[PDB]
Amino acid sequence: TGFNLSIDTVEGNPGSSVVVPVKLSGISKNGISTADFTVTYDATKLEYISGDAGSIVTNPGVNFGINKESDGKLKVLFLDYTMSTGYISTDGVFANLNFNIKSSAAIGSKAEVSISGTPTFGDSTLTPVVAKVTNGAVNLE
């Protein structure tokens, strides 16, 4: 099964909040022990509020972080700090990105949310796992 890093395409309303899930699929029996990647978003339409570990993440209070580096640019990091049996084993949501949709944003327009540059994932052997990337968006309705 192929390994995929994807960002959902979600609907939301100008003036409202929205969650944009970032997902992994095709995690092997070797799991995921490390991750780093950048997420860009259309800051002319979206205001970043926070980012939370998704349900597949082990011990997120220790292992996971997300930081807004600048407007439109997030950095995401995961490590199994145990380096032993804390790898991610289950496909699903890896991060939930929480935005407020700007009230000025036009109905029917799209706010792109994308992976930027090179993402890195390491399995439980610390071997790189190359992800197929699919980008997403907030579809304003």
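Residue positions are given as counts along the sequence shown, with the first one as 1.
As listed in the deposited structure, the average C-alpha B-factor of 79-87 and of 36-44 is greater for 79-87.
Per the PDB record, of the two stretches 26-34 and 52-60, 26-34 carries the greater mean B-factor over its C-alpha atoms. Among the modelled residues of its chain, residue 115 has a C-alpha B-factor that falls in the middle third, as given in the PDB entry. Compared with the other modelled residues of the chain, the Cα B-factor recorded for residue 20 ranks in the lowest third. Among the modelled residues of its chain, residue 108 has a C-alpha B-factor that falls in the highest third, as given in the PDB entry.
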